[PDB]
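In this analysis, Cβ positions are derived from the backbone assuming ideal geometry, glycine residues included, and neighbour counts consider all displayed protein chains. Each value in this text was obtained by applying a stated rule to the coordinates, not by laboratory testing.
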Amino acid sequence: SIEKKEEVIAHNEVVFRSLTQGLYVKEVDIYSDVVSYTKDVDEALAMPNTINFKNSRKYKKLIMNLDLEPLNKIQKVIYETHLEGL
Amino acid sequence: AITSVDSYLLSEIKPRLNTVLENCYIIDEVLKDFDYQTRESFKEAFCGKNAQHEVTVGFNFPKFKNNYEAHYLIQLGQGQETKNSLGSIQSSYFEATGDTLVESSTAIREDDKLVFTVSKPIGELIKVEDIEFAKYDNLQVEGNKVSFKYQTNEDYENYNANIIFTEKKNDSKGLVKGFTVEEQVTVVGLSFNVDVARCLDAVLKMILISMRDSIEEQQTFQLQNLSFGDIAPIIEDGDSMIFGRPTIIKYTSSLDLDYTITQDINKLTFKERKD
């Protein structure tokens, strides 16, 4: 008995994964080649992906690397109001 | 030792600022209180090893054009004398001493002693990290190297120590004459974008906080005070305004000069008189 429902987006950012190694990028060099890795989603080279930050330039070389798999990490909070009768 | 506060500020700021802007974690720690938009924009523009945009720092009145996207501007400011000692005497030294140096030095084995080598000779040893030599160890300094007894310490043959020491210049002795000076130096960040100026000011504040652990200002430039001005349009005659928030830094330093002494007594002439 969902009386009302609402959704909120807290974060929306891109995170990259190596196809074979299964790790997530955390650091890059001056040439923008990967230097480090982590197996933790909470610590990754996050690229903002909100409305204002689309069409970036910082990570063009990183994107074109075929070994990397971009992922849209999105965090949400949803409020649900229940009326359960008496 | 005459003090040039501006040069010290520049030398402390440049590598430290570069290191701070190198990584994202420190910047995120710094900009915790700021909103998402300005924080992320500044991080995109300046932060990271591969940042395309870059900040700069330099003195005032440069004859060349200076980048106004983000720059740290320094000017010398006023100064005042605050305290003095009797006869302007600050300290007395038996051996001429220069700057205080910190050097890492791995332990080495010598036939009777463990030793550490150093780049330059030693005038005085202040501290060896995590060591309190006893009488048994018989700590001795012999020019470049410091040494302690081999046998009872033989477990530590390769101890990865580090040393805080002082350079040696001459064997002469003299007096230190000088006074204390209370100096003010002005620092302002410039940017045609006000949010960039705000973030730049915050970074400046953080590096000033971090500097307080530095050896030089711990020994030379104590009593740091800060004061911030209002965000104002630095220039209005361009196509777009320059916005900056001046900050005033205060320091206390001892301007001094070494007065050598050539008098050395080595003989005595105790004789009586007759009448």
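Worth pointing out:
- All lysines inside 28 Å of A:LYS4 as judged from Cα atoms, apart from same-chain residues fewer than 8 positions distant: A:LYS73, A:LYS76
- In order along segment B:159-164, phi translates into HN-Hα couplings of 4, 7, 5, 9, 10, 10 Hz, rounded to whole numbers, per the Karplus curve 6.51 cos²θ - 1.76 cosθ + 1.60 with θ = phi - 60° and x for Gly and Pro.
- Hydrodynamic radius of segment B:37-91 per Kirkwood, over alpha carbon pairs, in Å: 15.5
- Part-to-part distance (alpha-carbon centres) for segment A:30-86 and segment B:151-188, which is given in Å: 49
- Placed amide H near B:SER191: partners under 5 Å, 5+ positions off or other chain: B:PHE243
- The share of Cα pairs per 10 Å bin across segment B:1-138, counted from zero up to the longest distance, runs 8, 21, 22, 22, 19, 8, 1 percent.
- Fewest-first ranking of B:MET241, B:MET211, using other Cβ atoms within 10 Å as the exposure measure: B:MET241, B:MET211
- Projecting the Cα atoms of B:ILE209, B:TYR259, B:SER11 onto the charge dipole of the protein assembly as shown (Cβ charges, centred on the Cα centre) puts B:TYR259 farthest toward the positive pole.
- For segment B:102-237, the dipole from Cβ point charges (+1 on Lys and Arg, -1 on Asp and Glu) about the Cα centre works out to 440 debye, to the nearest 20.
- Segment B:73-187 - Rg (one decimal) and Dmax (whole number), Cα, Å: 19.6, 58
- Each residue of segment A:4-12 was assigned a 3J(HN,Hα) from its phi angle through the Karplus expression (A = 6.51, B = -1.76, C = 1.60, θ = phi - 60°), giving 8, 9, 8, 10, 9, 9, 8, 9, 8 Hz with x at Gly and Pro.
- Note on B:42-50: average number of Cβ atoms from other chains within 10 Å of each residue's Cβ is 4.
- For chain B, share of DSSP beta bridges that run antiparallel, in % to the nearest 5: 95
- Shown is the FRET efficiency for B:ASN162 and A:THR50, computed with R0 = 56 Å from the Cβ-Cβ distance and rounded to the nearest 0.05: 0.75.
- Three-way shape label, segment B:64-109, alpha-carbon gyration tensor, a/c 1.5: oblate
- Sorted by Cβ neighbour density within 10 Å, fewest at the top, the residues B:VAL176, A:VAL25, A:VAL41: A:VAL41, B:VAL176, A:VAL25
- The alpha-carbon of B:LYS177 sits under 15 angstrom from the alpha-carbons of these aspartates and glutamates, leaving out residues fewer than 8 places away in its chain: B:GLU81, B:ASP256, B:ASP258.
- Unit Cα scatterers, Debye sum, chain B: log10 I(q)/I(0) for q = 0.08, 0.16 Å⁻¹: -0.53, -1.20
- Annotation: extensible slack from B:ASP112 through B:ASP230 equals 36.0 nm (criterion: 0.36 nm per residue apart, minus Cα-Cα distance).
- The ranking of B:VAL146, B:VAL30 from fewest to most other beta carbons within 10 Å of each one's beta carbon is B:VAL30, B:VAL146.
- For segment B:203-275 versus segment B:1-78, the inter-centroid distance based on Cα atoms is 22 Å.
- Placing unit charges on the Cβ atoms of the charged side chains and taking the dipole of segment B:123-263 about its Cα centre, the candidate lying farthest along the positive direction among B:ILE131, B:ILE242, B:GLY143 is B:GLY143.
- Pair B:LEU257, B:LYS177: separation of 7 Å Cα→Cβ label points (nm): 0.7
- Chain A - Rg over Rh from alpha carbon coordinates, Kirkwood radius: 1.19
- For segment B:121-183, the average shadow cast by the Cα convex hull is 7.1 nm², which is a quarter of the hull's surface.
- Grouping the Cα pair distances of the protein assembly as shown into 20 Å bins from zero gives a pair-distance distribution of 20, 37, 31, 9, 2, 0, 0 percent in increasing distance order.
- Mean residue ellipticity (222 nm) of the protein assembly as shown, computed from DSSP H runs ≥ 4 via -39,500 (n - 2.57), nearest 500: -5500 deg cm²/dmol
- Number of partner chain Cβ atoms within 10 Å, mean per residue of A:47-54: 3
- Taken one residue at a time, the phi angles of segment B:208-224 give Karplus couplings (6.51, -1.76, 1.60, θ = phi - 60°) of 4, 4, 5, 5, 4, 7, 5, 4, 4, 6, 5, 9, 10, 10, 5, 6, 7 Hz. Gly and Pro are set to x.
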